[PDB]
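First listed ligand is number 1; within each ligand, the first listed atom is number 1. Values reported hereafter were calculated over all heavy atoms of this structure, with side chains retained and with hydrogens, waters and symmetry mates removed. Below, chain A is the first sequence line, B the second, and so on; all start at residue 1.
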Amino acid sequence: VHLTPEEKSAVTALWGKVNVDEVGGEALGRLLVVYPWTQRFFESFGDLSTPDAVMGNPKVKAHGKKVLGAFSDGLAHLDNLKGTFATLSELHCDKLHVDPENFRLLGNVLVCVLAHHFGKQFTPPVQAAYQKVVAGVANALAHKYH
Amino acid sequence: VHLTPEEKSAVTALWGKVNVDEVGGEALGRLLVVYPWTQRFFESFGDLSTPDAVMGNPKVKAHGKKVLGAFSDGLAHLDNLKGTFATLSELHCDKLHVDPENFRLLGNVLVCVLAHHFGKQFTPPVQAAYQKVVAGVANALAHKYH
Amino acid sequence: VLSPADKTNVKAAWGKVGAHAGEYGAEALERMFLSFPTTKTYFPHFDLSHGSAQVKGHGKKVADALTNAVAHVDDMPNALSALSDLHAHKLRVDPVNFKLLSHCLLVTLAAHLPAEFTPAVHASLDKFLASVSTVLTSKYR
Amino acid sequence: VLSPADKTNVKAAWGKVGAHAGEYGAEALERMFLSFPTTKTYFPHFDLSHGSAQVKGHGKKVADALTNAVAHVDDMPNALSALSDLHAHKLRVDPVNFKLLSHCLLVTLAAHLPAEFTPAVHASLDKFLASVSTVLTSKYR
Ligand code: HEM
Ligand code: HEM
Ligand code: HEM
Ligand code: HEM
């Protein structure tokens, strides 16, 4: 995935300041609040019928830290996203039936969350390098689908 | 841009029945009619205000030919769509300023036109195979956009 | 925004379908599943193999919904309300997939109605399927 | 459709934009051009460098239009009439690019509104920018 090492370094510098625990829950929860259709995969998480209900929902914070943890590992592997995510892609396709469109939604929700969290530090060139990254991740997670 | 051996054979065999002149003008005119904002590029072509105007327009027919002619040549090189189309890609970006989105809408119209021309011979499998070609072409035309 | 032109286009092309609606409905879905595998994620409880009755069954319900939309073209939101509730609150298909199906509908009807599938009718049917899509996806949030 | 909560959320957030609206629009567009370089195909006549006067002028124009829509949230098609006509018949930007700019607006708002960019408010702005976009794209065909 085409990241210059000016882009590489900027993704890297920023990600280090990220509370993966907290950003994960935020992203997943906003995902579920902003684009409620994505709730369809999370019936088993209990109450998601309001914003406050989704945002404080323990299983959402917990799934988000897991989603972001795995996103976080991908960053060490920008050279080999397909590889890093092959097994998760199969998991999402064959076991979970997650339409890969969701990975795009989440990627954008994530870029919003980083904006919110880093403010002016989330400069347009840093955002651009995150859009490449988030798109790269959504394609790798989609690539084992059939 | 991967086709199984029998998809490559299905695609190659249909295409040998295709008259690039007729199909090209049909696909392009339809593009102009069904998604009239794609007209933005062809103000030089004349009056495009109505379907008969568009489908009779002789510049539209000529261009359709040209477009489908280069599309035809790339069927020859399904294995290297990027290299084959790199120069048209940089042209469409740096010269023509054509939103690559247009390459996708064109591929879908082309698929419709093929179905319409061939009827029942355009079986679900042969479509799926063409949907792959048409997407690969669009991504090859989109690749040198910067 | 369906012009009167369009409704006429849609009514006519849809008139010509008639009894094969559900057959076309079925073929659109399987053209979908093969062209856009991603759409399968919403049918994990279907046997999706060729010639399946589940798909022909579903194919027919989709066709009947459309035939219902064509007849109440002027008031789709109300004629379709039960369906838009169900997509919003139960099925929750990402909006992107409505364009996949609509394209496959269009391909199906072109393959079947060669003489009626005019550039104009093509445009109209395209707008018609977007409008049905928009109604189906109307209550999502 | 926008509920009363939505309207309130948007007016509240837009109220916070206050006099930064044009700065925000220029920033959203710069974000857009760098994240989505295909959107630059619509600005070949522009100087697309950080800081360019043209992006700044266009930013302000975009932000003003949006300020107008917030004020007319109940009357958008009429409020944005010149603008939908202009985009439908003259600019003719493919409808996909609306959702790219919408994204970058939302990112820009998020970078600037630490206190108010709540999840509910986020959902509200997202729906609002989707409504604006549906308006501006209303008369495409
Ligand atoms: C940024 C992209 C994503 C990554 C890296 C990711 C990663 C993961 C991981 C690590 C797991 C747990 C794997 C395991 O069971 O061992 C998982 C499961 C799961 N994912 Fe994804 N995920 C992503 C996006 C999404 C999205 C956008 C959705 C849908 C809205 C989704 C739906 C699910 C569901 C329903 C599970 C199983 C939850 C459960 O029952 O515990 N994922 N994913
Ligand atoms: C399969 C997709 C396409 C291919 C293979 C293709 C190919 C070509 C070729 C071979 C040329 C002329 C080469 C030259 O003059 O140097 C051309 C020019 C052009 N193309 Fe594309 N094209 C494609 C799609 C599109 C689409 C969808 C549009 C817009 C809706 C578009 C807009 C144009 C325009 C405006 C020109 C310049 C024509 C002129 O000045 O007469 N193309 N294209
Ligand atoms: C023109 C667009 C569509 C129409 C008219 C339509 C219509 C219908 C109808 C009438 C039903 C029957 C509901 C019932 O009474 O059980 C249904 C169900 C369903 N649809 Fe939609 N639909 C459309 C698009 C889509 C798309 C694009 C997808 C995603 C690929 C989708 C996924 C589903 C699923 C999973 C069900 C439930 C099927 C089952 O389990 O029985 N739909 N649709
Ligand atoms: C919320 C979405 C948008 C809003 C509110 C908006 C608003 C505006 C406004 C106020 C103008 C200036 C009208 C005038 O000249 O008086 C304009 C022009 C323009 N917009 Fe849109 N716009 C939007 C989306 C887009 C998108 C997504 C694109 C392409 C990616 C685009 C391309 C253009 C172009 C090319 C112009 C003409 C610029 C010039 O030649 O100076 N617009 N827009």
Side-chain angles (χ1 to χ4, degrees), chain A residues 27-28 31-32 35 38-42 44-45 59 62-63 66-74 85 87-88 91-92 95-96 98-107 109-110 134 137-138 141, chain B residues 27-28 31-32 35 38-42 44-45 59 62-63 66-71 73-74 85 87-88 91-92 95-107 110 134 137-138 141, chain D residues 25 29 32-33 36 38-43 45-46 54 57-58 60-66 68-69 80 82-83 86-87 90-91 93-102 105 129 132-133 136:
Chain A
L28 188 61
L31 174 69
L32 261 31
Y35 306 106
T38 59
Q39 295 171 12
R40 78 186 306 271
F41 300 102
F42 294 109
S44 102
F45 279 27
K59 283 169 206 197
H63 189 50
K66 180 129 90 158
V67 168
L68 259 291
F71 183 95
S72 199
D73 298 330
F85 288 106
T87 304
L88 277 170
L91 189 86
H92 288 80
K95 308 254 154 302
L96 310 159
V98 183
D99 176 356
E101 196 59 32
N102 302 112
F103 307 144
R104 274 141 223 155
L105 292 186
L106 177 60
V109 170
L110 188 60
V134 104
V137 164
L141 265 174
Chain B
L28 190 62
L31 184 62
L32 266 21
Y35 307 100
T38 61
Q39 292 163 16
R40 66 188 318 276
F41 304 103
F42 310 110
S44 103
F45 284 24
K59 269 141 164 154
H63 196 59
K66 214 175 269 202
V67 163
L68 255 252
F71 180 90
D73 308 338
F85 284 114
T87 289
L88 292 164
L91 194 91
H92 282 76
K95 270 82 210 97
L96 303 178
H97 324 281
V98 166
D99 185 349
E101 190 59 25
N102 290 115
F103 313 136
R104 298 184 282 282
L105 294 172
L106 180 69
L110 179 62
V134 109
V137 175
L141 281 190
Chain D
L29 285 156
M32 179 183 71
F33 297 133
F36 301 106
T38 66
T39 71
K40 291 148 69 192
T41 58
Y42 291 103
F43 298 84
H45 56 302
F46 266 46
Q54 236 161 338
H58 190 50
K60 164 273 298 184
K61 263 176 281 192
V62 167
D64 299 345
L66 248 3
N68 194 61
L80 296 186
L83 237 45
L86 179 75
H87 289 74
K90 195 147 274 201
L91 309 168
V93 178
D94 193 274
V96 184
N97 295 105
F98 288 81
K99 98 199 230 265
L100 308 171
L101 215 210
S102 287
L105 255 348
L129 302 169
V132 167
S133 294
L136 292 184

Among all protein heavy atoms, pick the one closest to atom 30 (C) of ligand 1 and tell me residue, atom and distance. A/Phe42 CE1, 3.5 Å
Just verifying a value: how many Å separate B/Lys59 NZ and B/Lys66 NZ, rounded to the nearest 0.5 Å? 11.0 Å
Considering both backbone and side-chain atoms of A/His92, is one of its nitrogen or oxygen atoms within less than 3.5 Å of a nitrogen or oxygen in ligand 1? yes
Which atom pair, heavy atoms only, marks the closest approach of D/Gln54 to D/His45? NE2-O, 2.8 Å
B/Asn102 and B/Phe41, any side-chain heavy atoms less than 4.5 Å apart: yes
Side chain, backbone, both or neither: which applies to A/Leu32 and ligand 1 if a contact is any heavy-atom pair less than 4.0 Å apart? neither
Proximal ligand 1 atoms for A/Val98, defined as those under 4.0 Å from one of its heavy atoms: 28 (C), 29 (C), 32 (C)
List ligand 1 atoms under 4.0 Å from A/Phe41, heavy atoms only on the residue side. 29 (C), 30 (C), 35 (C)
Please tell me if atom 18 (C) of ligand 2 is touched by the protein, where touching means a protein heavy-atom distance below 4.0 Å. yes
At less than 4.0 angstrom from any non-hydrogen atom of D/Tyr42, what atoms of ligand 4 do you find? 29 (C), 30 (C), 35 (C)
Please list, in number order, the atoms of ligand 4 under 4.0 Å from a heavy atom of D/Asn97. 27 (C), 30 (C)
Is the distance between atom 21 (Fe) of ligand 1 and the nearest N/O/S atom of A/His63 smaller than 2.8 Å? no
Top protein contact for atom 16 (O) of ligand 4, by heavy-atom distance: D/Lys61 CD, 4.4 Å
Minimum-distance pair of heavy atoms, taken over all atoms of A/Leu32 and A/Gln39: O-NE2, 2.9 Å
Quick one: closest heavy-atom pair of D/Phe33 and D/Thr39, and the distance? CD2-OG1, 3.5 Å
Rounded to the nearest 0.5 Å, what's the gap from CZ on B/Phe45 to NE2 on B/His63? Could you check? 5.5 Å
Closer than 4.0 angstrom: is that true for some heavy atom of D/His45 and an atom of ligand 4? yes
Side-chain donor or acceptor of B/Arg40 paired with backbone N/O of D/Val93 under 3.5 Å: no
Numbering as shown, the atoms of ligand 4 that approach D/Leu136 to under 4.0 Å (heavy-atom distance): 2 (C), 3 (C), 4 (C), 5 (C)
Which atoms of ligand 1 are found less than 4.0 Å from any heavy atom of A/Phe85? 5 (C)
Between D/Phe46 and D/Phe43, how do the two ring planes meet: parallel, tilted or perpendicular, split at 30° and 60°? perpendicular
Backbone, side chain, both or neither: what part of A/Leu110 comes under 4.0 angstrom of ligand 1, heavy atoms only? neither
Which atoms of ligand 1 have any heavy atom of A/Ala70 under 4.0 Å away? 5 (C), 10 (C)
Quick one: does atom 21 (Fe) of ligand 2 have a protein heavy atom under 4.0 Å from it? yes
Looking only at heavy atoms, is any part of B/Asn102 under 4.0 Å from ligand 2, and if so is it the side chain, the backbone, or both, or is it neither? both
For D/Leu91, the atoms of ligand 4 under 4.0 Å from one of its heavy atoms are 18 (C), 19 (C), 20 (N), 33 (C), 34 (C), 36 (C), 37 (C)
Counting only heavy atoms, tell me which of D/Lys99, D/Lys60, D/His87, D/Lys90 gets closest to atom 8 (C) of ligand 4. D/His87
Who's the nearest protein heavy-atom neighbour of atom 3 (C) of ligand 1, and how far? A/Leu141 CD1, 3.2 Å
Of all the heavy atoms in A/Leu31, does at least one lie under 4.0 Å from an atom in ligand 1? yes
Heavy atom under 4.0 Å from ligand 2: found in B/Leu105's side chain, backbone, both, or neither? neither
Ranked by distance from atom 13 (C) of ligand 1, the top protein heavy atom is A/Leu91 CD2, 3.5 Å
Report the C-alpha distance between D/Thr41 and B/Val98 in whole Å, list the side-chain angles of each, state the deciding distance to 0.1 Å, and finish with yes or no for side chain to side chain contact (heavy atoms under 4.5 Å, CB included). CA-CA 6 Å; D/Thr41 58; B/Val98 166; over 6 Å; no
To the nearest 0.5 angstrom, please state how far the CG atom of D/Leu101 sits from the CE atom of D/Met32. 4.5 Å
Atoms in ligand 4 with a heavy atom of D/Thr39 nearer than 4.0 Å: 30 (C)
Flag: protein heavy atom within less than 4.0 Å of atom 42 (N) of ligand 1: yes
Please state which protein non-hydrogen atom is closest to atom 40 (O) of ligand 1 and give its distance, to 0.1 Å? A/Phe45 CE1, 4.5 Å
Considering heavy atoms of the protein only, find what lies nearest to atom 24 (C) of ligand 4 and give residue, atom and distance to 0.1 Å. D/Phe98 CE2, 3.5 Å
Close-contact set for ligand 4 against D/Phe46 heavy atoms, below 4.0 Å: 39 (C), 41 (O)
Numbering the atoms of ligand 4 from 1, which are under 4.0 Å from a heavy atom of D/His58? 11 (C), 17 (C), 18 (C), 19 (C), 20 (N), 36 (C), 43 (N)
If we number the atoms of ligand 2 from 1 as shown, the ones under 4.0 Å from a heavy atom of B/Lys66 are 10 (C), 12 (C)
Here the gap from B/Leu106 atom CG to B/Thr38 atom OG1, rounded to the nearest 0.5 Å, amounts to 9.0 Å
What residue and heavy atom of the protein are closest to atom 7 (C) of ligand 4, and at what distance? D/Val62 CG2, 3.8 Å
Looking only at protein heavy atoms, which one is nearest to atom 33 (C) of ligand 4, and how far off is it? D/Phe43 CZ, 3.7 Å
Could you walk me through whether D/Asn97 and D/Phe36 pass the side chain to side chain contact (heavy atoms under 4.5 Å, CB included) check? CA-CA 9 Å; D/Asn97 295 105; D/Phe36 301 106; over 6 Å; no
Non-hydrogen atoms of B/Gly74 and B/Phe85 that approach each other most closely: CA-CZ, 4.0 Å
Can you tell me how far the CG atom of D/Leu129 sits from the CG atom of D/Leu66, to the nearest 0.5 Å? 6.0 Å
Value rounded to 0.5 Å, distance of CG in A/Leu141 from CZ in A/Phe103: 4.5 Å
shortest atom 23 (C) of ligand 1-to-protein heavy-atom contact is with A/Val67 CG1, 3.7 Å
Nearest non-hydrogen partners of D/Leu80 and D/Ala65, listed with the distance: CD2-O, 3.9 Å
Nearest protein heavy-atom contact for atom 1 (C) of ligand 1: which residue, which atom, what distance? A/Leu106 CD2, 3.5 Å
Where do A/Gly107 and A/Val134 come nearest, in terms of heavy atoms and distance? CA-CG2, 3.2 Å
Among D/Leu29, D/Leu101, D/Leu83, D/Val93, which residue places a heavy atom closest to atom 29 (C) of ligand 4? D/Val93
Hey, is D/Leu86 touching ligand 4 through its side chain, its backbone, both or neither, going by heavy atoms under 4.0 Å? side chain
Residue and atom name of the nearest protein heavy atom (relative to atom 9 (C) of ligand 1), distance in Å to one decimal: A/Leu88 CD2, 3.8 Å
A/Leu96 heavy atoms, cut-off 4.0 Å: which ligand 1 atoms fall inside? 18 (C), 19 (C), 20 (N), 36 (C), 37 (C)
Main-chain N/O of D/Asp94 paired with D/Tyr42 side-chain donor or acceptor, under 3.5 Å: yes
